[PDB]
Structure formats: structure tokens, C-alpha cells
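Protein chains in written order, with the UniProt record's numbering: chain A, 3266 to 3567; chain B, 3266 to 3564.
Below: one structure, written as C-alpha cells.
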Amino acid sequence: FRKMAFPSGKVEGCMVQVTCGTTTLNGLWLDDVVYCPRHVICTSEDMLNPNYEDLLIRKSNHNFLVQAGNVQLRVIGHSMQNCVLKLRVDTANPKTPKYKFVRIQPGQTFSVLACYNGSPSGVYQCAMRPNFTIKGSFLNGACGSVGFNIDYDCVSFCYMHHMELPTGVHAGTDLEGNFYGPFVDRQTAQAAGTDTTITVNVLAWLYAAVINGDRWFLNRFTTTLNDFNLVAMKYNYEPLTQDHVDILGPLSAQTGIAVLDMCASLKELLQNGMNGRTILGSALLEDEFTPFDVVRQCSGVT
Amino acid sequence: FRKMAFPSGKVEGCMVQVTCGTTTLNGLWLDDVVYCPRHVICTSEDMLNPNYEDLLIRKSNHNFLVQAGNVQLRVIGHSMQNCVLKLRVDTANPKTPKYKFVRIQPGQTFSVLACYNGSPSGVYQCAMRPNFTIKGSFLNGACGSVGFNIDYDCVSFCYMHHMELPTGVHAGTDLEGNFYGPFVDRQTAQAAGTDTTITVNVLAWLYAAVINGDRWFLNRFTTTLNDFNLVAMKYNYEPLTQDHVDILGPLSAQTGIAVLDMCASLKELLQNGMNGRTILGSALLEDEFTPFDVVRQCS
Ligand SMILES: *C(=O)[C@H](C[C@@H]1CCNC1=O)NC(=O)[C@H](CC1CCCCC1)NC(=O)c1cc2ccccc2[nH]1
Ligand SMILES: *C(=O)[C@H](C[C@@H]1CCNC1=O)NC(=O)[C@H](CC1CCCCC1)NC(=O)c1cc2ccccc2[nH]1
């Protein structure tokens, strides 16, 4: 059982390089529009307190160099939507997949295609943390890298990368330029909220463990939502809602372990530790697999 | 720090579906050849002691149904090279990337594109264990999925999937059809050797932790190579060779921590554990990042 990313080919054909002045980063080329972080128009002078509308009026179409591989794309228009810049180019991307822009919720997972100088370099699975950061792996130049899910042939883009917080976690926007979390695109003192653990995902992963033959943590007991949430709060876990319990319905039916039966196991795992054992080859309780992730990996959905 | 796979697009355009009898698995379509596991030609009565030469001579081109998406590829000829079947088709794959076939050694990492019915389902990072198995994630029908690395725009194919061992780990071939390890494509009792931890990789990972600002596991001690190996074997770690020490030279220079000094830290980590702490997000010592992997992800 592994963190599995979506196949990235449909997204790779959308990645381009955008250069504005001395700043290079990545853009997403779909139809005749390249999307990228609006902070590409910042100089080190105005990174501290940018006036983006003023900085954008000062720029012209020619201030943006857009390169799809070795081919230059001519920019014929520019505009801003929230914190993303939209560069109209004269050529529609012939590799544009079926796609949509979606905003995800904390706890949901997605694949990240990390890119540098417009070139895809690596792919990995991420989750949107409860504090709206993501624990990514990004070097300088990674901005404009995107996160996505694939459903049938349709790519749902949910994340565009903007910045790294002092603690090393990452912050970005959806593809309409709306930030995830209480963050702003300016170089200033910013810190994530105290993070919490994604309870429903931990449960999903315990079900994955059971499905894969790791059963030592199961017990005879059950609990109540009310009782478990008092433990969840104590251990900095997200509260468990009736909606979560229902989403775990399928896994409860396949394994014959009811969610509040699995909560009793989880409660004991939190209250007494793991007694030097492991679960799915992990010494920690993993919280970046959704219920859907568990089913898809134990069902082989293409 | 993440287990990062290579972008899979170049491999995706090569995956096809191969059917023989009642068996369908995946094939790898490069130029005008489709590579797949030869056990596609087995029936239910053939799985214990198949005579592949005898099964193959009885096959005609039209017994192989190859589909690339909704397009059916016409099989022009077939031959067997070790444990892979090479199906000649009348159409070269126009999406054929720059590629090569490489055989890897234990400790090496690669990306796996897990596929079913010729459709890619997911991508993940894997390593060749010292006992020549891989700890993959494969369901029924995953045979023919390949493992690969990409350097510049060249795909090096290094693994094709054939079977699951009773312990749940996985066995397969290089793209010339030679199995990794003592395994054979028979459903006979086969035993994965005792596995060990890939020491040189754990060290590389500890260097990565130092690069990203963790020094809490260092200590004032050094060790001889021999003394390190005597201790580490007691934890079922692979022997560290002088080759391994040389390989770690660049990471040693960048961090200023001599290889044998990092070996001293590892000895202490094995002795103490982490005492409630984590290293690069893990509560265990990670051994599926190589020295090259660390360099690529940190710079
Ligand atoms: C874009 O390519 C990079 C991606 C960063 C770089 C390192 N790791 C990443 O994920 N983005 C940045 O460098 C931003 C640029 C700013 C421009 C003005 C608007 C805000 C973003 N800067 C930072 O991410 C950043 C982090 C940080 C931590 C401590 C002190 C300063 C600091 N700046
Ligand atoms: C190909 O798609 C599958 C991949 C398996 C299926 C489950 N998980 C995987 O990785 N390959 C097989 O099923 C092989 C087929 C045999 C045909 C004859 C030659 C040898 C391979 N069989 C097995 O993987 C397998 C494992 C196993 C363990 C214990 C009893 C029987 C058994 N069969």
C-alpha cells in the first residue's frame, strides 16, 4: 500500500515557462490562456508591499516571455483574476485535455506535478491540510506547478503553487486565484495555524490496513461519536461528523468493522500508542489517504 | 521530503492491452514491437510447469489481440526472449519516446506506472530490494506494468511486472526478460530471500535531513567501516562497501559530515530509536531514496 499519484501525462502537455523581468516560473497553458501566479510581475523592490493593479498597468504584453518547450508563445493580452495572472496567447494549446477548475476542501488529496522552467520534473500525492497548507516538496522556481485529480478523461485542477512558509510547508491558490488559507501574496511574516490530523483519513487508512491483513489493532469495543470527539479534541484530531461516518460506509461493509468500532481502535491507538508495532509499514498514523483513495487503490480504478 | 516519481506521460503513451485465450494483461508498445510477460500464453492447466517453447509454437499471430485504446493493433509475428514475449505489430507507436532498456542493481529506485487493461491507473516510487523483490502495489491484471527512470528526455525501462510472491512482495524481469532474483515464471513454491535494509540509502537520506536543517541525530563519535558493518548487520542492514562510501562522497562534502561520522550517527539511531521525533516526516529510517535521488530532490 503506497501513496499513489495520478498519471500525469494529461497535465505535462500543459506546462510552459513564464518569464517576467528576472523572474522565471511555470504557467498552465489551456486553450489560448496561460495561467500563473500574479507575483511573477513583482520586483525585489515591491515584493514587500505590492500594488498589483498598478504593477500590472505598467506591464505590457511584451514583458511576458512564454515558452512551450523550445517554441515561443506570443502574448496578445493580459489580465488578473484574484491572485492569478491570465496571459492570452495567440495559439490554443493543441494538447489541452478535458478539464475543469475546482476548489478542494481540507482533507482532500491531489497529485502535484512539480515543474521547473516549464519542464515537469516529478509527481507526488498531497493532501490539503486542515490549516490549508500542503506538505509539498518544492525548490526555487516551482511556482506555477499545479495540483490536480483525474476523473475518467477529465483533469480537475485544484491548486497552483505560490509560496513556502517559514515552517517549510506550502501555500497556494485554486486556479481562479483564490488562496487556500489565511495567506497573502506578499513577502511578509506569515505562519500557518496549528495543524490538526485528518480523522476520517486515518480511519480510512486503518480500513486499508485491515483489507491488507494488518489487524492487530482491532478490538471488541465500540464507542459513541460524542465520546470519540472528546478524545479527538484531546489529541488535536479533527472532529468526526456523521458525514464522515457515512462516507466510510462502504469500507465498514466490506470489512465488517463499523466506524465507531474502528474509532475504539483509533481511540486506543491514541490513548496508548502503537506498542512498538507498525501499520502498513508505518510507525505513525497516516492521514493523507481519503476513503476514495483507499477504495481506488484496493479496486484498481483507471 | 516526498517519494517523488517521474512524470509518467512518456510511458503512458506506450501502454497497450494484450489478450491471449482468457488472459489479458498489459504490454509495452515501442516502435513496432509490443513487449509483455510470456505467461500471457499460459492456461489454467499450465501454470505449474509450463513448457513455453511448446505453448508458443502452437500460437498463430491472430491468437494475440493487442489493443491500444480503442484501436486494435495487428500482430505481424512473435518471438520469445527469455521470459518476455515480443509481438511484432504492423504499426510503429508514434508516441515512442527516447528510451533504453537497463538492468538495475538492488538499492536502485524507479517509478512504477501501474496499469490495468492497458490503462494507466497510478504512478509511484519503488526500489529493488536486496532480495531482488519490489514492494509494489499491484492488483490482478497488473502484469506488464513497467518500472522506469527518466533522464533528460530518455526513458530507461528497468522492470516489467510478472507475479506476486506469497509474502505480498513482487517479482519481475528486466525488459530483456531476465528475472531479477532466483525467480521463475512458474506458480511453484518460490521463496523471497531474507530481506535487509539498504544501508547506503538510509545514509543518503540522513544527509538529506542535514541538508534540510536537522542535526539532532549527529554525535561526537566516528567509526571504522568494519565496526560499523559488525553493528549494522545485527539490525539486518546491508553491508556498507567502499563503493558505497565513495558514492556518498558528494553529499559528505556538501554537508561537511564525513561518511564514517554519519555511520556513527546511524549506529546510535539504531541503538536509541528516535525518541518521539521524526526525520523528514518519518518515524522510521527510510531506505528507498538513493544518493542520486537525494541530490535531484534537494537541488
Ligand atoms: C516560486 O517559484 C517560489 C517557490 C518557493 C521557493 C522555495 N520553496 C518554494 O516553494 N516562491 C517564492 O519564492 C516566494 C515569492 C514571493 C513573491 C512575493 C509574493 C509572495 C511570494 N517567496 C517565498 O515563498 C518565501 C518564503 C520565505 C520564508 C522565510 C523568509 C522569506 C520567504 N519568502
Ligand atoms: C498479472 O497480472 C498477475 C499479477 C498478480 C496478481 C495479484 N497481485 C499480482 O501482482 N500475475 C499472476 O497472477 C501470476 C501468474 C502466474 C502464471 C504462471 C507463471 C507464474 C505467474 N501469479 C501470481 O502472481 C501468484 C502469486 C501466488 C502466491 C500464492 C499462491 C499462488 C500465486 N499466484
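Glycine is no exception: its CB is placed at the ideal position from the N, C-alpha and C atoms.
### CB contact check: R3480 of chain A to chain B, cutoff 8 angstroms
no
### Message
Using 8 angstroms as the threshold, is the C-beta distance between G3401 of chain B and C3391 of chain B below it?
### Response
yes
### Task
Please list the partners that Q3562 of chain B has in chain A, where partner means a Cβ-to-Cβ separation under 7 angstroms.
Chain A residues near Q3562 of chain B: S3402.
### Query
Cβ of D3450 of chain A versus every heavy atom of ligand 1: is any distance shorter than 7 angstroms?
yes
### Query
Is the Cβ-Cβ distance between residue 3600 of chain B and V3305 of chain B less than 8 angstroms?
The shown model of chain B, from 3266 to 3564, leaves out residue 3600 of chain B, and the question about it has no answer.
### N3405 of chain B CB to nearest heavy atom of ligand 2 below 7 angstroms
yes
### Query
Does any CB atom of chain A fall closer than 8 angstroms to the CB of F3413 of chain B?
no
### Task
Just mark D3450 of chain A as buried or exposed, buried being the case when its beta carbon has 16 or more other beta carbons within 10 Å.
buried
### Message
Taking 7 angstroms as the cut-off, is the C-beta of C3380 of chain B nearer than that to any heavy atom in ligand 4?
### Response
With respect to ligand 4, the structure shown offers nothing to examine, as its ligands consist of ligand 1 and ligand 2.
### Query
Can you give the beta carbon distance from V3388 of chain B to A3270 of chain B, rounded, assuming they're within the 8 angstroms contact cut?
5 angstroms
### Message
Between the stretch 3409-3422 of chain B and the stretch 3375-3388 of chain B, can you find at least three pairs of beta-carbon atoms closer than 8 angstroms?
### Response
By the criterion of at least three beta-carbon pairs nearer than 8 angstroms, the stretch 3375-3388 of chain B is in contact with the stretch 3409-3422 of chain B.
### Task
Can you say whether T3464 of chain B is buried or exposed, counting buried as having 16 or more other CB atoms within 10 angstroms of its CB?
Taking every protein chain shown into account, the CB of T3464 of chain B has 16 or more other CB atoms within 10 angstroms, so this residue is buried.
### Task
Can you give me, in chain order, the residues of the stretch 3266-3293 of chain B that have a beta carbon less than 9 angstroms from any beta carbon in chain A?
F3266, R3267, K3268, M3269, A3270, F3271, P3272, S3273, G3274, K3275, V3276, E3277 and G3278
### Neighbouring residues, chain B, relative to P3385 of chain A (Cβ below 8 angstroms)
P3272 and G3274, listed in chain order.
### Message
Please return the same chain residues whose Cβ sits closer than 8 angstroms to the Cβ of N3443 of chain B, not counting the five positions on each side in sequence.
### Response
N3347, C3348 and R3368
### Task
Mind reading off the beta-carbon distance from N3291 of chain B to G3383 of chain B? Whole number of angstroms is fine, and I expect it under 8 angstroms.
6 angstroms
### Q3536 of chain A versus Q3562 of chain A: straight-line alpha-carbon distance, rounded
So the two alpha carbons sit approximately 29 angstroms from each other.
### Message
Looking at the strands, I want to know which residues DSSP matches up with residue 3569 of chain B.
### Response
Coverage of chain B is limited to positions 3266 through 3564, which leaves residue 3569 of chain B absent and any answer about it impossible.
### Task
Check whether the Cβ of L3293 of chain B lies closer than 7 angstroms to any heavy atom of ligand 2, and answer yes or no.
Relative to the non-hydrogen atoms of ligand 2, the Cβ of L3293 of chain B never comes closer than 7 angstroms to any of them.
### Task
Taking C-beta pairs closer than 7 angstroms, name the residues in chain B that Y3381 of chain A reaches, listed in chain order.
Within chain B, no residue comes near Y3381 of chain A; the closest Cβ sits about 11 angstroms away, beyond 7 angstroms.
### Message
Suppose the cutoff is 7 angstroms on Cβ atoms and the five residues either side in sequence are ignored; what does the same chain contact list for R3542 of chain A look like?
### Response
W3481
### Query
Since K3363 of chain B contacts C3419 of chain B with CB under 8 angstroms, what's their CB separation in whole angstroms?
4 angstroms
### Query
Listing by chain order, which chain B residues have their CB less than 7 angstroms from the CB of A3548 of chain A?
In chain order, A3548 and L3549 make up the part of chain B whose C-beta sits under 7 angstroms from the C-beta of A3548 of chain A.
### Task
Take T3288 of chain A and list the residues in its own chain whose beta-carbon comes closer than 6 angstroms to its own, dropping the five residues that flank it on each side.
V3305
### Query
According to DSSP, is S3564 of chain B helix, strand or coil?
coil
### Message
Looking at chain A, is there any beta carbon in it that lies within less than 8 angstroms of the beta carbon of residue 3647 of chain B?
### Response
Because chain B here runs from 3266 to 3564, residue 3647 of chain B falls outside it and cannot be looked at.
### Message
Any heavy atom of ligand 2 closer than 7 angstroms to the beta-carbon of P3431 of chain B?
### Response
yes
### Message
Please determine whether the Cβ atom of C3348 of chain B lies at a distance below 7 angstroms from any heavy atom of ligand 2.
### Response
Relative to ligand 2, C3348 of chain B has its C-beta separated by 7 angstroms or more from all heavy atoms.
### Query
Terminal residues of the continuous beta strand (DSSP E) containing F3493 of chain B?
Unbroken run through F3493 of chain B is the alpha helix (DSSP H), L3490 to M3498; no beta strand (DSSP E).
### Query
Is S3344 of chain A buried or exposed, if buried means 16 or more other CB atoms sit within 10 Å of its CB?
exposed
### Query
Under 8 angstroms between the Cβ atoms of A3523 of chain B and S3530 of chain B?
Not in contact: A3523 of chain B and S3530 of chain B (Cβ atoms no closer than 8 angstroms).
### Query
Smallest Cα separation from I3476 of chain A: which of A:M3539, A:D3492 and A:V3560?
A:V3560
### Query
How many Å lie between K3365 of chain A and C3423 of chain A at the Cα?
Straight through space, the alpha carbons of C3423 of chain A and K3365 of chain A are spaced by roughly 9 angstroms.
### Query
What is the DSSP secondary structure of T3438 of chain A, reduced to helix, strand or coil?
strand
### Query
Which residues share a DSSP beta bridge with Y3317 of chain B?
None, per the DSSP bridge assignment.
### Message
Against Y3389 of chain B, what residues of chain A qualify as contacts under a CB-to-CB distance less than 8 angstroms, listed in chain order?
### Response
Contact annotation for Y3389 of chain B against chain A: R3267, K3268, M3269 and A3270 [CB-CB distance below 8 angstroms, chain order].
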